[PDB]
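So the structure is just underneath, and the comments pick up after that.
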Amino acid sequence: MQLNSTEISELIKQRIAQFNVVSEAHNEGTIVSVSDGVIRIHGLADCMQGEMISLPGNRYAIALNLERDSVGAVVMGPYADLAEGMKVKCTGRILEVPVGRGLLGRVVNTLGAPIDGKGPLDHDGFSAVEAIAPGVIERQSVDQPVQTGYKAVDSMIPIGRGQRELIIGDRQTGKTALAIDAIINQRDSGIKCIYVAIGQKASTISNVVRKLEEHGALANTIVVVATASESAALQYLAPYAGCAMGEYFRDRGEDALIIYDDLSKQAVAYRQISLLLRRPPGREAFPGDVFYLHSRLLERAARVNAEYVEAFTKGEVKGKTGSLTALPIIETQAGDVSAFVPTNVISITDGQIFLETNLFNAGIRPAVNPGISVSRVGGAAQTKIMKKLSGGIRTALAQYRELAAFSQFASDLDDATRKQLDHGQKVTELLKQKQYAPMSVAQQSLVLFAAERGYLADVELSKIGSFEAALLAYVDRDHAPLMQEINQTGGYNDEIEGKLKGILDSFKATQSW
Amino acid sequence: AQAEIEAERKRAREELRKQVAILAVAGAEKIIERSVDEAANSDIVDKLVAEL
Amino acid sequence: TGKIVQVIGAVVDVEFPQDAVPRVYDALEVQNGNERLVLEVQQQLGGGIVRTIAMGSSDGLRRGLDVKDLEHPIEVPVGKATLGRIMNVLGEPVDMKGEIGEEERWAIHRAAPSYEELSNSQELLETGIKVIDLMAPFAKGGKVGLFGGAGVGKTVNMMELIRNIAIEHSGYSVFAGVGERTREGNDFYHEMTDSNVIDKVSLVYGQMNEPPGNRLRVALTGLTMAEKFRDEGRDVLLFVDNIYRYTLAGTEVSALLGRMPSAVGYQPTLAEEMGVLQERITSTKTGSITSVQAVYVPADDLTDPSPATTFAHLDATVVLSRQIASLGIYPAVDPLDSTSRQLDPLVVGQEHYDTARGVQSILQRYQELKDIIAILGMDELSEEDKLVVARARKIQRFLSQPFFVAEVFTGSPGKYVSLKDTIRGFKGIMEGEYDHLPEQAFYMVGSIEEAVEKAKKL
Amino acid sequence: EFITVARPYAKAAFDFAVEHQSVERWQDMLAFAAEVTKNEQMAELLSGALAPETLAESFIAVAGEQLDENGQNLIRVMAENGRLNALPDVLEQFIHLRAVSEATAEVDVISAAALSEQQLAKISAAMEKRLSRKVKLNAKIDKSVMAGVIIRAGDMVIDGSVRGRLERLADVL
Amino acid sequence: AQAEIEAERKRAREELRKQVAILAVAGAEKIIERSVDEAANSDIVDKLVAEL
Amino acid sequence: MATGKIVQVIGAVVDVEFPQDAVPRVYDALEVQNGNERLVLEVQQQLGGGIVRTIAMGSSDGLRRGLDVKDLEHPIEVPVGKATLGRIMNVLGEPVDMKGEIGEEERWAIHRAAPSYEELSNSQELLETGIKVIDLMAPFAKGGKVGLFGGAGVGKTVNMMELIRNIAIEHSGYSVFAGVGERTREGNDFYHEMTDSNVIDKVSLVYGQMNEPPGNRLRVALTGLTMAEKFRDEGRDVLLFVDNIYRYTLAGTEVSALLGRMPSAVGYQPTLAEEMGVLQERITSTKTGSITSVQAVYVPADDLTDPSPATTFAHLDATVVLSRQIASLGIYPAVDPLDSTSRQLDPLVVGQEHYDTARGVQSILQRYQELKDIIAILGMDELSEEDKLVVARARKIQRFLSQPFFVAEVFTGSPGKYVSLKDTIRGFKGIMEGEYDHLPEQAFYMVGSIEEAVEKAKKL
Amino acid sequence: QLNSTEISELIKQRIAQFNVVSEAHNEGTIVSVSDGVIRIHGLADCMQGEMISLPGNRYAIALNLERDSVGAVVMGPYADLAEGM
């Protein structure tokens, strides 16, 4: 159908027609050195720091130093085919990236160039990659909830719009699953998503994008990719180029969610770039400002009050408050949660979800270790019902998991500890959850109701999952309006508490499981 | 759908052969202000057509 | 009159005519396109060159830009007019309100008060936190420091100290946020403003967004405000939200200034940079400054040069620890590592001192058994060393307390515990008069009667 | 490379030459010194560690076209610091500082073939409305460009070529 | 599969645009180099020096 | 025509000065007359003033300053295609055996970009090795990397020969073997073990052993990998063996130190995780073909945190570990089923039946692990009587994991067996759930399929 | 290549008269100032460990007698000092 040659021909000829032939004057220099991806340029009097320099071929380098007699730069691409004596031309543009809601559904290079085969971008101008976050008076406190699909994190570790929430754990623990499930769950909740993959294997991206398209989420996500093969500079500047696309929605009073696949591989690529410039390293050989690197990046995930959205948008938007939510992912060796880069990013975000390999080996997935994981905004983000049914559940389990330590060889206070153990054990058996199975807040809510009003004192551990699977279908047949209502509002009243007690008695007393 | 696309491809390509010459002449005449004719260049445009 | 000749990251080099070269620490000015950028000169290289740090984003600086010389250091508003307002590092107002109506402006680089003018006081400050004022009591006009790694509680503890001492005290107060989250600055601005105590607090912010120069000099700006209030004969509170970031911003810039690296990559002038600040935050015969400083320790390494050089500059040091917070025992203070200059029989009385030392001794004896308990299990211990373990494990829980600011996290209402009511309770536990209770009767309670009561509920 | 260590010496020699109105002699002096630097035998001597005073004397002796006091003193001062190899760059930066002071410029004009000498007139006229300097063209012939003209003036260039017009279009697509 | 067919249509349309695009300029170059003369050269140089 | 001149020689590092207008691009190859034989230099960096710094792919003894260097305009190129099967080559693609010239028709550069994002295969298949333990406990992805962690004396090379055989016979693939920095003795008595098992005709060998200078041990893996990429372009399935990836890392570190770059984390080069990625990323499936890789790995100081193990494991899909103990019991291949792992074991990828069969045998074995300690301390008679049956099913499982390789005949006499996955799933689903309780445990040993276990019990 | 306090007008002084006059040898001029260390040009007769006297009433200790400079540390506040004193 849509291979209309008329359309292609005009698509070209309109570009031809508006090609401004008029010549123009620019500033020019010579490449003097090339090594390990660093370029030393000679001339360019009117260069400026952070400027994009245009090399032969069609590729760019970024000015890092303006030495007295030369400009140090890094090449954003394959650097081998360059040679001393090539002329470079200074554009006037500080490092920039395309932005706009026309990027949604595209897979994009860190420079904005599209990488799927679907042709040129449609974008609303350009945005500077390096920018300073809104000030202390332009922020607003985070209030609105961001639902993932998971009972464990939505109950124990709530996330709000405008929050920053580290996902940390050892390799092969579900760090990426827990992130793309959050992306998938925004399929219908008006939050745009952005997923930037730094240093990942190319096949892993090719698979993640297939899952995103499978569940219908791709039409709502940008994707930025800098695979393990690509230059250190492209891997280092990727997450800034992702934040530059999230801030487009933030500053218009819309909401966005951005997921940095590894802020640990960004630190490694920056350590490379830094050691190739001979900068004295510090702890673990990381440069001095490896903190400022992540700091100026994550400080952009913010929520901004309506006066700032009015001032930014020339008054076209009133009353709406934008926000950008970040879930940076860190990886830690041998579960050591206390190393330089892992601790540096714990000291930047607003909480962390710690996924533990010991739990993940024992089938407890998502392996959310409670007691080490926290949310610094806490219940302020949760919906009213979830804030009620949850209570201090996470400290109940944090206690339970050390009670099991000493209660191993014996049990004393041996009635209340017996009930406490058999309770928390069914709780943990309830919090595990299959991949790609996001359950709405209505379902999570009445599940936590069943668990926390004692309604699971009866059934066996074995039956827990079948209890849930039958309960969620019962209430989908018989009580749809109540789900339709709890999903629409925070929806906590003693009226609804009675409705739930009645549903959970009726089910409990006649349905099979 | 793959077979449908692979047929539509030929359908579009063969008529794009008729537009390539307009594109090349419009580009030349934009870059050069002195407009130009077909006769001095027919054997050149025809090669483009033959290589689409 | 000057020209830029280099731009390396944050530091810019400027060339002046031979006779007009600026002095050290004078402030220059440049126009970074459609904006204005302020530079502070750090070094006079030879031949008219002068090397400076940019108090702003360095992006967009060409070589060869003209720079104007302002012939005075950075100077900030100060005094009564700076009260209830948020200010930049450069002393500019950062809330959207009007211009600051200051009568007077002070240079942020000053010398410390002479030894002849200092003063000292044994007047205790009664904070409501059991552990802090049992193990580490601190006095009016002295320095406190909270040491801990990421996410251990050194901000929430500082906010509870603010709540307890800062409102129950009349004089002014200053809060200097150095290199920390802007979210936690906005939430604090609004917590103040929504209770009409904002107009006794002066705020200064150089949060983590900002380029190294702002984080480098913001703490000195806050100090200068506090010092103006002190010289007026008042008595002031000064809270500094992370002093580690001053030294970290010094490190980030040191190597560009051409200085050889030292122990773990730290600048060679670490201890002098740190002392030139901490020496001017002190009380004196004319007025007093109480202060509380959060001191991040990187990688939880309490022997890294940066905490190691800071320990010396504090009167009361409170050390938080992750291996206690992970037990849920907040505030996660380590009582075998907290200490105070004020813990003397002559200052706190014999009974307080004796209770604090008995607690230290029991907890230490418990530390020495943890390896025997680990390897062999607990049933090998004596009848007199199972009792030590039980009493230590009760004292550990009873050091925990609910905070009026952690209600956000756990709902449980905060408690305020007076000093008499805790040196009674720990005496009670150590002498076995509460041996008939379970350990959980002590977790997150206030005075000892709340534990004897919570035991009834099991 | 000597680009940076040659700056102070070029500036000092130019400043000295201006006070004494002998710039035109100093330029010949420096050029001859930079030439004795390129000789095959001398380049061996300059590289092998030899005491600065002996190296300076044995370099002076090889010149007689040098101003007895003020020319040879530059050689001795550079020898003290070992920078005698820098002379070919001290020369370039001397010439450049002179071209600045005299408010003179030099611009390449690159074309497919020779121009019409009225085009040259208009170019050498308008470039001085771009640049405050007097200009000396140096036309060039380049068939890679196939029409139009390139005007390069230092490190600023105005790409009027058709080749530029082509590769500035192929990239729009 | 309704989305995986559409992705293939978009991608084929893009590749076709790409080929026609490069042929346009590759031909325009030959047209120019075949159809220049010193009057055409003079017109351009004299236009551009007049905005120098 | 020669245009360069050597201007420094320091160890393996050679600096040559060209005219300003002809500096070689990076990774290009030069050559010089090092006396009575030519020497090839690879360009690493372009310094100012026409000087270019290179590393010699050979011994730098005897190089004068001022020698003339001829600039080849292309990177190092090696012979590829069918012609290289059964041959030995060094880094530069010269026949190291005595069998004369390679008749290759085509030669490819060794430096290349990885497959672009949309060339990758839009699927996720499985590679059927035909080995019970591997196909069950640690399946291979078609296009994935596999680590092989066992020690010495356990049979790593007989397993490699078995895979080389099966991927040639059952599929129609070819194999490439790249020996990076390992003992020449091993290379020789591997070549001879393969030649007298008829597999030599089906594998192409490229060895750059410990004796070679640093550059050879650095680039030999890329030579092997580009020959494998040529086979892939023919639409085949290829199997690429890297005889020790840790030595590739260490050659990178040596060269990095020669070039003067600052030390990174534990002395490792600053560019470690990129030198690793730019190798490991060319080993992928593709819409035309695929390369699977089996990589022997050595972990320094028994530390899986050291930057090199931690950088490699980021790329490995599977992981099979060979145990001295499993071999002590006369079970071959000695794949430890409890520590061997794969990330293809998920119900999503391999299915629910395979997944839970593997998890079943794993739980059985690791319970037997402790019952066999209770036995050793208290004697058999203490065990409960359901455990006396777990200890009878675990022994049958542990036997059934043995297999007769074709390559193993000249040890074991018995002919070889190639077991289709489905048959392994059948056999273990059987043994796990009491079926075949009635027949003795030695009827499973070295049998192959299970429907031959019964027909070995028959005559027992 | 790095400079070593060979700066324009010192070089010009030496152009005019390479065989520089004595200039006392008990006097020099500060050419650099940073972090409490000053680089002094001249003082041919300085001795290691000698007290050098600065404007105001201050002193420095000459520690790095070197071929061109005398590198000395200021015993007090240094930010007042300025090149050319």
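A, B, C, D, E, F and G label the chains in the order they appear, each numbered from 1.
Note that in this section contacts are C-beta pairs under 8 Å (C-beta built on N, C-alpha and C of every residue); 3 or more make two chains touch, one makes a residue touch a chain.
Novice: Which chains are in contact with both chain D and chain G?
Specialist: none
Novice: Identify the chains in contact with chain D as well as chain F, in label order.
Specialist: Correct list: A.
Novice: Calculate how many whole Å lie between the centre of chain B and the centre of chain F, each centre taken as the average of the chain's C-alpha atoms.
Specialist: Chain centroid spacing, chain B to chain F, equals 51 Å.
Novice: Taking the mean of the C-alpha atoms as each chain's centre, how many Å separate chain C from chain F?
Specialist: So the centroids are 54 Å from each other.
Novice: How many angstrom lie between the centres of chain C and chain E, each centre taken as the mean Cα position?
Specialist: 64
Novice: Scan chain D for residues touching two or more other chains and write them down.
Specialist: Touching at least two other chains: 1, 4, 8, 147, 158, 160, 162, 165-166, 169, 173.
Novice: Check each residue of chain A and list the ones that touch at least two other chains.
Specialist: Chain A, residues with two or more chain partners: 1, 3, 8-9, 12, 16, 19, 21, 23, 45, 68, 116-117, 281.
Novice: Mind pulling the chain C residues that touch 2 or more other chains?
Specialist: Correct list: 47.
Novice: Which of the chains touch, listed as pairs?
Specialist: Once each pair is checked, the touching ones are A-B, A-C, A-D, A-E, A-F, B-D, B-E, C-G, D-E, D-G.
Novice: List the residues on chain A that touch chain E in their complex, please.
Specialist: Going by the criterion above, the answer is residues 1-3, 8-9, 11-12, 16, 22-23, 116-119, 213, 216, 218.
Novice: Could you please specify the touching residues of chain A with respect to chain C in the complex?
Specialist: Answer in residue numbers: 45-50, 64-68, 94, 130, 132-137, 139-142, 279-283, 288-289, 291-292, 295-296, 299, 302, 307, 338-340, 343-344, 346-348, 350, 352, 371-372, 374, 378-380, 391-392, 395, 398-399, 402, 409, 413, 416.
Novice: Please name which positions on chain B make contact with chain E in the complex.
Specialist: Interface residues on chain B, with respect to chain E: 1-2, 5, 8-9, 12-13, 16, 19-21, 23-25, 27-28, 31-34, 36, 40-41, 44-45, 48, 51-52.
Novice: Could you pull out which chain G residues touch chain C in their complex?
Specialist: 5, 7-9, 31-36, 39, 77-84
Novice: In the complex, go through chain D and note every residue touching chain A.
Specialist: By the definition above, chain D touches chain A via 3-4, 152, 155-160, 164-165, 169, 171-173.
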